[PDB]
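Peer 1: Got a structure here, written out as structure tokens. Questions coming.
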There are 2 protein chains.
Amino acid sequence: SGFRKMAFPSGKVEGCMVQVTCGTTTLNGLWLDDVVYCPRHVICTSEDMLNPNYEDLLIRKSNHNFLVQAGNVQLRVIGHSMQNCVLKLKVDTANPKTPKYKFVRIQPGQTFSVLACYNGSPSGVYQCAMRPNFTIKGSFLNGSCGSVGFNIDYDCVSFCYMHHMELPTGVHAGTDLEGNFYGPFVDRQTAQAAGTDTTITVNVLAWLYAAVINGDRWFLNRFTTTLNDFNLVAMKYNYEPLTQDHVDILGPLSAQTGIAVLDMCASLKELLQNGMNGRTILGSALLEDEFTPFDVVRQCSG
Amino acid sequence: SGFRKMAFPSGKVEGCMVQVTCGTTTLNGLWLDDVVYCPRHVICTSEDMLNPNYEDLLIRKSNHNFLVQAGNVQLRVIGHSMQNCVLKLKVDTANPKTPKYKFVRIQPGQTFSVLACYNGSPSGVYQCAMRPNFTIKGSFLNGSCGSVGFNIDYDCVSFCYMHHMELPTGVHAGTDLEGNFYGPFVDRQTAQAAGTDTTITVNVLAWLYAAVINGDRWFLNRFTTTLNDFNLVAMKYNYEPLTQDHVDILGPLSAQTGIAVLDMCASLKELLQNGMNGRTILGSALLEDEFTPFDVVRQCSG
Ligand SMILES: N#Cc1ccccc1C[C@@H](N)C(=O)N[C@H](Cc1ccc(Cl)cc1Cl)C(=O)N[C@H](CC(=O)NCCCc1cccnc1)Cc1ccc(F)cc1
Ligand SMILES: N#Cc1ccccc1C[C@@H](N)C(=O)N[C@H](Cc1ccc(Cl)cc1Cl)C(=O)N[C@H](CC(=O)NCCCc1cccnc1)Cc1ccc(F)cc1
Ligand SMILES: [Cl-]
Ligand SMILES: [Cl-]
Ligand SMILES: [Cl-]
Ligand SMILES: [Cl-]
Ligand code: NA
Ligand code: NA
């Protein structure tokens with residue numbers, strides 16, 4: 001029993017974290033086989049950051065300009081390139097701790113584990129969702145850029161996020177591991193605003209099913225609703241529209257609990273319209289949207 | 001910026017997790033050097049569980065009765081003993097992945113990271129506090145017994161919890177790594193009730209300081225209170241008494257934010273008496289008590 005924000009075990013990613021230094025700029029890199037991946041803005045000075053031309057800055061770099069440290073052993077760089085917003089440094093040593101891995105670009109509403117690192121050294125692990133506005137609400141300090149987000153499936157690490165910057169609002173933006181930003185953001189030190197955010201409806205419903213599986217039932221009701229009438233209430237409360245695909249994804253949880261998806265939507269509708277009136281769900285006094293249906297199935301009983 | 005429930009990187013503990021089997025009973029064990037540690041009730045059958053005499057059951061065991069698997073390699077047991085409620089199995093191979101480590105018995109209100117494991121294989125990591133009633137509100141399914149809780153300080157793993165059982169209320173009980181239960185519990189399959197729980201006051205205050213550090217200030221006020229008058233309100237809301245030692249521990253956070261501890265207590269008093277009135281603190285609509293002052297300092301900016 002019980003339900004917790006749960007990260008993947010981080011060991012396989014810990015063995016890949018390194019430190020990349022260019023002059024006075026140091027951030028984290030990811031060492032897989034003989035390649036180190038890190039944010040390309042490591043080649044920027046504090047002056048270059050307002051509006052860099054990265055093609056210019058990179059062509060002016062030498063391999064010996066890059067200081068790569070794994071633990072306390074320096075890795076010699078033998079080649080460098082740029083793929084979108086990530087720098088790729090070829091090193092002369094393949095990482096002996098390289099896990100089985102994939103790079104994947106995720107959709108908003110999907111979750112991943114973040115290994116927050118400083119100077120190539122892991123400090124903590126936590127669970128994040130990609131917000132509908134392509135930011136993440138992370139916990140990051142100066143020096144954390146280059147930390148990665150990931151999922152694990154049967155000892156294969158699927159890397160999906162590399163951290164690039166904190167916005168003026170204190171939320172966080174970055175790329176997939178091929179250097180493409182999530183959202184409209186760019187890697188320059190200017191004030192960038194994210195789009196207006198929305199609540200991840202399919203995830204809230206997943207989490208209501210988690211609660212039922214764990215014995216919370218006080219919010220259920222005898223009513224049901226149609227998809228259309230539910231979405232009318234969803235739009236009013238800044239919730240993402242619920243699609244038929246979302247309904248089908250919630251199939252397994254619906255079947256395990258015996259509660260039709262549209263039955264659960266009537267509960268959510270009532271919770272949005274009336275609040276909780278002091279009660280809690282899975283220890284929360286608000287509706288939680290950073291658990292996917294997959295997260296719930298993974299953590300909850302069969 | 002940002003504030004998340006944050007676990008320690010779990011890699012060093014992942015390399016120690018094994019599987020221990022006695023007949024039809026399998027749980028998780030911890031392999032450090034040439035010793036495997038696991039709950040002693042692995043030597044119980046489903047019948048023995050109502051009221052075992054463990055001295056009896058253990059003296060009837062042979063080394064070859066214990067099946068210990070690390071990954072897919074079987075470890076041969078060469079000796080066994082019992083220390084309180086933990087079984088100790090000497091194996092012929094020292095764990096090459098053994099980290100620097102300590103065993104520590106923690107106080108209620110302290111937090112630790114849990115590596116939830118099934119059949120010797122890690123599945124997830126999350127943060128827990130030891131409740132004042134010596135339970136933890138974990139996330140555990142059948143097969144998780146033997147999973148450990150831990151803190152990490154400069155590459156030393158301080159193991160503090162081994163999981164032994166879920167109570168009828170769905171909360172969780174276990175021991176330190178020398179086999180002493182936290183709280184009054186015993187390892188037999190009977191319905192055991194925990195004492196009435198209380199909220200960890202010093203931790204709530206730490207978390208209010210985290211919020212200030214992160215820019216949440218709406219709950220502050222110009223008032224202050226004495227320790228005695230605060231504790232009068234604390235008792236009324238089932239909060240632990242705040243001690244002078246708690247005040248002194250909150251010193252660093254108080255100094256960083258410029259907010260006297262007893263100033264912050266006046267905010268907590270007002271929050272207890274009036275609620276939040278729909279507002280949130282660090283994304284929470286209730287007062288959070290599973291972050292210690294140390295957790296806040298570790299995660300927040302200087
Ligand atoms: N994580 C992280 C992090 C956090 C703090 C310091 C450092 C780092 C890592 C570090 N690497 C990095 O992100 N630095 C970028 C600057 C930057 C570097 C490189 C690139 Cl490519 C792009 C950018 Cl924008 C950075 O300083 N952002 C600040 C961070 C900041 O002051 N928050 C205060 C929010 C306060 C707040 C809280 C709650 C509600 N409301 C407001 C915001 C900002 C300001 C002016 C800009 F014009 C652009 C961005
Ligand atoms: N984690 C975990 C876990 C969870 C589920 C299954 C298995 C395990 C691991 C496993 N190893 C283990 O804990 N099994 C013990 C039995 C046991 C084994 C060994 C020892 Cl030494 C002591 C005990 Cl008590 C176990 O089944 N407990 C159940 C678990 C249970 O039904 N919860 C339902 C709660 C429902 C609920 C939810 C919310 C609010 N209200 C109620 C509760 C219980 C029942 C009768 C007893 F008489 C004693 C304990
Ligand atoms: Cl060169
Ligand atoms: Cl680009
Ligand atoms: Cl023997
Ligand atoms: Cl005992
Ligand atoms: Na977590
Ligand atoms: Na966590």
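Note on naming: chains are A, B, ... as they come in the structure tokens, residues start from 1 per chain, ligands start from 1 in the order shown.
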Could you pull out the alpha helix (DSSP H) residues of segment 79-225 of chain A, going by DSSP on the backbone, and write them as a list in words?
Peer 2: residues 201, 202, 203, 204, 205, 206, 207, 208, 209, 210, 211, 212 and 213 of chain A
Peer 1: If we count only C-alpha atoms and set the cut-off at 6 Å, which residues sit around residue 89 of chain A, ignoring sequence neighbours fewer than 4 positions away in its own chain? Please answer as a ChimeraX atom specification.
Peer 2: /A:35-36,79-80
Peer 1: Kindly give the distance, in Å, that separates atom CA of residue 238 of chain A and atom CA of residue 195 of chain A, rounded to a single decimal.
Peer 2: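 For atom CA of residue 238 of chain A relative to atom CA of residue 195 of chain A, the distance reads 12.9 Å.
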Peer 1: What residues in chain B have any atom no more than 8 Å from chain A when counting only C-alpha atoms, and can you write them as a PDB file with N, CA and C atoms, in the first residue's frame?
Peer 2:
```pdb
ATOM      1  N   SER B   1      16.271  27.667  -8.540  1.00  0.00           N
ATOM      2  CA  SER B   1      14.980  27.809  -7.869  1.00  0.00           C
ATOM      3  C   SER B   1      14.232  26.489  -7.908  1.00  0.00           C
ATOM      4  N   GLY B   2      13.121  26.425  -7.186  1.00  0.00           N
ATOM      5  CA  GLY B   2      12.301  25.237  -7.145  1.00  0.00           C
ATOM      6  C   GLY B   2      12.567  24.417  -5.896  1.00  0.00           C
ATOM      7  N   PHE B   3      11.590  23.588  -5.540  1.00  0.00           N
ATOM      8  CA  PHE B   3      11.725  22.744  -4.358  1.00  0.00           C
ATOM      9  C   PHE B   3      10.964  21.455  -4.602  1.00  0.00           C
ATOM     10  N   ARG B   4      11.667  20.333  -4.499  1.00  0.00           N
ATOM     11  CA  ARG B   4      11.114  19.029  -4.812  1.00  0.00           C
ATOM     12  C   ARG B   4      11.445  18.053  -3.693  1.00  0.00           C
ATOM     13  N   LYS B   5      10.559  17.086  -3.492  1.00  0.00           N
ATOM     14  CA  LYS B   5      10.921  15.935  -2.682  1.00  0.00           C
ATOM     15  C   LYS B   5      12.078  15.230  -3.379  1.00  0.00           C
ATOM     16  N   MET B   6      13.243  15.213  -2.740  1.00  0.00           N
ATOM     17  CA  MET B   6      14.476  14.827  -3.412  1.00  0.00           C
ATOM     18  C   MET B   6      15.143  13.686  -2.667  1.00  0.00           C
ATOM     19  N   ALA B   7      15.378  12.583  -3.362  1.00  0.00           N
ATOM     20  CA  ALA B   7      16.100  11.459  -2.781  1.00  0.00           C
ATOM     21  C   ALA B   7      17.594  11.577  -3.075  1.00  0.00           C
ATOM     22  N   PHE B   8      18.400  10.853  -2.294  1.00  0.00           N
ATOM     23  CA  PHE B   8      19.810  10.685  -2.618  1.00  0.00           C
ATOM     24  C   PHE B   8      19.972   9.800  -3.855  1.00  0.00           C
ATOM     25  N   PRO B   9      20.991  10.056  -4.676  1.00  0.00           N
ATOM     26  CA  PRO B   9      21.314   9.116  -5.755  1.00  0.00           C
ATOM     27  C   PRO B   9      21.515   7.716  -5.185  1.00  0.00           C
ATOM     28  N   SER B  10      20.882   6.729  -5.812  1.00  0.00           N
ATOM     29  CA  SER B  10      20.734   5.409  -5.214  1.00  0.00           C
ATOM     30  C   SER B  10      21.784   4.398  -5.677  1.00  0.00           C
ATOM     31  N   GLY B  11      22.680   4.787  -6.594  1.00  0.00           N
ATOM     32  CA  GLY B  11      23.589   3.824  -7.215  1.00  0.00           C
ATOM     33  C   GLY B  11      24.391   2.992  -6.232  1.00  0.00           C
ATOM     34  N   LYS B  12      24.929   3.630  -5.189  1.00  0.00           N
ATOM     35  CA  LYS B  12      25.778   2.901  -4.256  1.00  0.00           C
ATOM     36  C   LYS B  12      25.003   1.811  -3.520  1.00  0.00           C
ATOM     37  N   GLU B  14      22.147   0.334  -4.850  1.00  0.00           N
ATOM     38  CA  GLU B  14      21.745  -0.613  -5.888  1.00  0.00           C
ATOM     39  C   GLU B  14      22.755  -1.742  -6.029  1.00  0.00           C
ATOM     40  N   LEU B 115      15.137   2.741  -1.223  1.00  0.00           N
ATOM     41  CA  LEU B 115      15.271   2.056  -2.506  1.00  0.00           C
ATOM     42  C   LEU B 115      14.349   0.840  -2.478  1.00  0.00           C
ATOM     43  N   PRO B 122      16.236  -3.374  -7.814  1.00  0.00           N
ATOM     44  CA  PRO B 122      15.645  -2.069  -7.485  1.00  0.00           C
ATOM     45  C   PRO B 122      14.567  -1.677  -8.480  1.00  0.00           C
ATOM     46  N   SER B 123      13.458  -1.143  -7.962  1.00  0.00           N
ATOM     47  CA  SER B 123      12.402  -0.618  -8.822  1.00  0.00           C
ATOM     48  C   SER B 123      12.203   0.890  -8.724  1.00  0.00           C
ATOM     49  N   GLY B 124      12.463   1.509  -7.579  1.00  0.00           N
ATOM     50  CA  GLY B 124      12.241   2.938  -7.470  1.00  0.00           C
ATOM     51  C   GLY B 124      12.853   3.481  -6.205  1.00  0.00           C
ATOM     52  N   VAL B 125      12.987   4.804  -6.170  1.00  0.00           N
ATOM     53  CA  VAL B 125      13.574   5.491  -5.022  1.00  0.00           C
ATOM     54  C   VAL B 125      12.649   6.630  -4.605  1.00  0.00           C
ATOM     55  N   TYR B 126      12.474   6.813  -3.296  1.00  0.00           N
ATOM     56  CA  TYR B 126      11.635   7.904  -2.813  1.00  0.00           C
ATOM     57  C   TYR B 126      12.119   8.351  -1.438  1.00  0.00           C
ATOM     58  N   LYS B 137       5.365   6.246   6.160  1.00  0.00           N
ATOM     59  CA  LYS B 137       4.296   6.189   5.167  1.00  0.00           C
ATOM     60  C   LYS B 137       4.950   5.891   3.825  1.00  0.00           C
ATOM     61  N   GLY B 138       5.241   4.611   3.622  1.00  0.00           N
ATOM     62  CA  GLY B 138       5.977   4.177   2.457  1.00  0.00           C
ATOM     63  C   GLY B 138       5.074   3.842   1.288  1.00  0.00           C
ATOM     64  N   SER B 139       5.711   3.385   0.219  1.00  0.00           N
ATOM     65  CA  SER B 139       5.025   2.794  -0.924  1.00  0.00           C
ATOM     66  C   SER B 139       5.676   1.431  -1.123  1.00  0.00           C
ATOM     67  N   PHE B 140       4.976   0.374  -0.705  1.00  0.00           N
ATOM     68  CA  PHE B 140       5.529  -0.972  -0.670  1.00  0.00           C
ATOM     69  C   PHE B 140       4.453  -1.981  -1.038  1.00  0.00           C
ATOM     70  N   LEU B 141       4.826  -2.958  -1.867  1.00  0.00           N
ATOM     71  CA  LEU B 141       3.977  -4.075  -2.254  1.00  0.00           C
ATOM     72  C   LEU B 141       4.556  -5.375  -1.697  1.00  0.00           C
ATOM     73  N   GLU B 166       4.030  -4.370   6.546  1.00  0.00           N
ATOM     74  CA  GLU B 166       2.973  -3.377   6.446  1.00  0.00           C
ATOM     75  C   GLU B 166       1.918  -3.679   7.502  1.00  0.00           C
ATOM     76  N   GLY B 170      -1.999   0.055   6.478  1.00  0.00           N
ATOM     77  CA  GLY B 170      -1.303   0.387   5.255  1.00  0.00           C
ATOM     78  C   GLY B 170      -0.031   1.187   5.427  1.00  0.00           C
ATOM     79  N   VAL B 171       0.378   1.497   6.661  1.00  0.00           N
ATOM     80  CA  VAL B 171       1.666   2.154   6.881  1.00  0.00           C
ATOM     81  C   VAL B 171       2.677   1.060   7.182  1.00  0.00           C
ATOM     82  N   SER B 284       2.033  23.138  -2.507  1.00  0.00           N
ATOM     83  CA  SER B 284       1.249  22.298  -1.611  1.00  0.00           C
ATOM     84  C   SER B 284       0.111  23.092  -0.994  1.00  0.00           C
ATOM     85  N   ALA B 285      -1.048  22.452  -0.890  1.00  0.00           N
ATOM     86  CA  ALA B 285      -2.195  23.058  -0.235  1.00  0.00           C
ATOM     87  C   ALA B 285      -2.325  22.631   1.221  1.00  0.00           C
ATOM     88  N   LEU B 286      -1.368  21.871   1.744  1.00  0.00           N
ATOM     89  CA  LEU B 286      -1.312  21.583   3.172  1.00  0.00           C
ATOM     90  C   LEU B 286       0.114  21.807   3.668  1.00  0.00           C
ATOM     91  N   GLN B 299      19.118  21.339  -0.319  1.00  0.00           N
ATOM     92  CA  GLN B 299      18.512  21.543  -1.622  1.00  0.00           C
ATOM     93  C   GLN B 299      18.436  23.012  -2.030  1.00  0.00           C
ATOM     94  N   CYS B 300      18.304  23.937  -1.082  1.00  0.00           N
ATOM     95  CA  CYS B 300      18.054  25.326  -1.438  1.00  0.00           C
ATOM     96  C   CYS B 300      19.353  26.110  -1.626  1.00  0.00           C
ATOM     97  N   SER B 301      19.216  27.276  -2.260  1.00  0.00           N
ATOM     98  CA  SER B 301      20.344  28.151  -2.537  1.00  0.00           C
ATOM     99  C   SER B 301      20.933  28.703  -1.242  1.00  0.00           C
TER     100      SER B 301
END
```
Peer 1: Could you list, as a PyMOL selection string, all the residues within 8 Å of ligand 5, counting only C-alpha atoms and all ligand atoms?
Peer 2: chain B and resi 62-65+78-79
Peer 1: Include N, CA, C and O atoms and write out the residues we just selected as a PDB file, in the first residue's frame.
Peer 2:
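Printed below is selection17.pdb as written:
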```pdb
ATOM      1  N   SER B  62      20.065 -25.143   8.002  1.00  0.00           N
ATOM      2  CA  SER B  62      21.400 -25.388   7.476  1.00  0.00           C
ATOM      3  C   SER B  62      21.801 -24.276   6.505  1.00  0.00           C
ATOM      4  O   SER B  62      20.951 -23.682   5.834  1.00  0.00           O
ATOM      5  N   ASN B  63      23.110 -24.014   6.420  1.00  0.00           N
ATOM      6  CA  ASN B  63      23.617 -23.044   5.448  1.00  0.00           C
ATOM      7  C   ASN B  63      23.063 -23.298   4.050  1.00  0.00           C
ATOM      8  O   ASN B  63      22.652 -22.359   3.357  1.00  0.00           O
ATOM      9  N   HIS B  64      23.030 -24.564   3.621  1.00  0.00           N
ATOM     10  CA  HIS B  64      22.535 -24.876   2.285  1.00  0.00           C
ATOM     11  C   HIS B  64      21.031 -24.668   2.141  1.00  0.00           C
ATOM     12  O   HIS B  64      20.522 -24.771   1.021  1.00  0.00           O
ATOM     13  N   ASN B  65      20.312 -24.376   3.230  1.00  0.00           N
ATOM     14  CA  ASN B  65      18.899 -24.031   3.107  1.00  0.00           C
ATOM     15  C   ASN B  65      18.685 -22.627   2.544  1.00  0.00           C
ATOM     16  O   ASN B  65      17.584 -22.331   2.064  1.00  0.00           O
ATOM     17  N   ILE B  78      28.114 -19.588   3.921  1.00  0.00           N
ATOM     18  CA  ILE B  78      29.063 -20.346   4.724  1.00  0.00           C
ATOM     19  C   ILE B  78      28.869 -20.141   6.216  1.00  0.00           C
ATOM     20  O   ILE B  78      29.628 -20.703   7.015  1.00  0.00           O
ATOM     21  N   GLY B  79      27.864 -19.372   6.618  1.00  0.00           N
ATOM     22  CA  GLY B  79      27.613 -19.114   8.016  1.00  0.00           C
ATOM     23  C   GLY B  79      26.391 -18.232   8.158  1.00  0.00           C
ATOM     24  O   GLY B  79      26.076 -17.443   7.265  1.00  0.00           O
TER      25      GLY B  79
END
```
Peer 1: Contacts of segment 255-260 of chain A at 10 Å or less, counting only C-alpha atoms, minus same-chain residues fewer than 3 places along, as a PyMOL selection string?
Peer 2: chain A and resi 209-210+212-213+220+224+247+250-252+263-265+297+301-302
Peer 1: Using only C-alpha atoms and all ligand atoms, which residues have at least one atom no more than 9 Å from ligand 4? Output them as a list in words.
Peer 2: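 Based on only C-alpha atoms and all ligand atoms, ligand 4 is surrounded within 9 Å by residues 83, 84, 85, 179, 180, 181, 186 and 187 of chain A.
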Peer 1: Let me see the file: selected residues, N, CA and C atoms, as a CSV table (one decimal), in the first residue's frame.
Peer 2:
```csv
chain,number,residue,atom,x,y,z
A,83,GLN,N,25.3,19.4,-32.4
A,83,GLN,CA,24.1,18.9,-32.9
A,83,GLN,C,23.0,19.7,-32.3
A,84,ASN,N,22.4,20.7,-33.0
A,84,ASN,CA,21.4,21.6,-32.4
A,84,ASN,C,22.0,22.3,-31.2
A,85,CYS,N,21.4,22.2,-30.0
A,85,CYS,CA,21.9,22.9,-28.9
A,85,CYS,C,22.8,22.1,-28.0
A,179,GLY,N,19.6,17.7,-28.6
A,179,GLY,CA,19.8,19.2,-28.6
A,179,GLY,C,18.7,20.0,-29.0
A,180,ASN,N,17.5,19.4,-29.2
A,180,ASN,CA,16.3,20.2,-29.6
A,180,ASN,C,15.6,20.6,-28.4
A,181,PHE,N,15.4,21.9,-28.2
A,181,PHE,CA,14.6,22.4,-27.1
A,181,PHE,C,13.2,21.8,-27.1
A,186,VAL,N,15.2,29.2,-26.7
A,186,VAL,CA,16.5,29.2,-27.3
A,186,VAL,C,17.6,29.4,-26.2
A,187,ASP,N,18.8,29.0,-26.5
A,187,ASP,CA,19.9,29.0,-25.5
A,187,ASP,C,20.6,30.3,-25.6
```
Peer 1: Select, from B:177, B:43, B:253, B:281, the residue with the minimum atom-to-atom distance to residue 216 of chain B, counting only C-alpha atoms.
Peer 2: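 For residue 216 of chain B, the nearest of the candidates is B:281.
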Peer 1: Using only C-alpha atoms, determine which residues lie at most 7 Å from residue 98 of chain A, disregarding the query and same-chain residues fewer than 5 positions distant; provide the list as a list in words.
Peer 2: residues 16, 32 and 33 of chain A
Peer 1: Store the residues picked out above in a file with N, CA, C and O atoms, as a PDB file, in the first residue's frame.
Peer 2:
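Saved to part.pdb:
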```pdb
ATOM      1  N   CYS A  16      27.590   7.847 -15.624  1.00  0.00           N
ATOM      2  CA  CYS A  16      27.846   8.573 -16.861  1.00  0.00           C
ATOM      3  C   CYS A  16      28.089  10.059 -16.658  1.00  0.00           C
ATOM      4  O   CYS A  16      28.353  10.770 -17.640  1.00  0.00           O
ATOM      5  N   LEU A  32      28.730   8.672 -22.637  1.00  0.00           N
ATOM      6  CA  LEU A  32      28.240   7.371 -23.088  1.00  0.00           C
ATOM      7  C   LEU A  32      29.158   6.880 -24.194  1.00  0.00           C
ATOM      8  O   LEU A  32      29.356   7.581 -25.188  1.00  0.00           O
ATOM      9  N   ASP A  33      29.725   5.687 -24.021  1.00  0.00           N
ATOM     10  CA  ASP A  33      30.765   5.173 -24.933  1.00  0.00           C
ATOM     11  C   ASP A  33      31.874   6.227 -24.969  1.00  0.00           C
ATOM     12  O   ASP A  33      32.302   6.687 -23.900  1.00  0.00           O
TER      13      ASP A  33
END
```
Peer 1: If you count only C-alpha atoms, which residues fall within 8 Å of residue 134 of chain B, apart from same-chain ones fewer than 2 positions away, as a ChimeraX atom specification?
Peer 2: /B:108,130-132,136,173,182-183,194
Peer 1: How many Å lie between atom CA of residue 70 of chain B and atom 1 (Na, counted along the ligand's line) of ligand 8, rounded to one decimal?
Peer 2: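 Separating atom CA of residue 70 of chain B from atom 1 (Na, counted along the ligand's line) of ligand 8 is a distance of 25.7 Å.
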Peer 1: So that I can check the surroundings of residue 153 of chain B, please list as a list in words every protein, DNA and RNA residue that reaches within 10 Å of it, counting only C-alpha atoms and ignoring chain neighbours fewer than 3 positions away.
Peer 2: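 Close residues of residue 153 of chain B: residues 8, 101, 156, 157 and 158 of chain B.
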Peer 1: Just N, CA and C atoms for this one: save the residues we selected as a PDB file, in the first residue's frame.
Peer 2:
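Result went into selection00.pdb, see below:
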```
ATOM      1  N   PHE B   8      18.400  10.853  -2.294  1.00  0.00           N
ATOM      2  CA  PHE B   8      19.810  10.685  -2.618  1.00  0.00           C
ATOM      3  C   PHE B   8      19.972   9.800  -3.855  1.00  0.00           C
ATOM      4  N   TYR B 101      30.429   2.742   4.189  1.00  0.00           N
ATOM      5  CA  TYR B 101      29.103   2.722   4.789  1.00  0.00           C
ATOM      6  C   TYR B 101      29.186   2.696   6.303  1.00  0.00           C
ATOM      7  N   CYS B 156      29.742   8.293   1.638  1.00  0.00           N
ATOM      8  CA  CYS B 156      29.473   7.290   2.668  1.00  0.00           C
ATOM      9  C   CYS B 156      27.969   7.069   2.785  1.00  0.00           C
ATOM     10  N   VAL B 157      27.545   5.813   2.685  1.00  0.00           N
ATOM     11  CA  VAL B 157      26.134   5.469   2.806  1.00  0.00           C
ATOM     12  C   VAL B 157      25.842   5.139   4.264  1.00  0.00           C
ATOM     13  N   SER B 158      24.942   5.897   4.878  1.00  0.00           N
ATOM     14  CA  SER B 158      24.477   5.628   6.241  1.00  0.00           C
ATOM     15  C   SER B 158      23.141   4.905   6.130  1.00  0.00           C
TER      16      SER B 158
END
```
Peer 1: Can you list every residue in segment 40-143 of chain A that DSSP puts in strand (DSSP E), as a PyMOL selection string?
Peer 2: chain A and resi 66-70+73-75+77-83+86-91+100-103+111-118+121-129
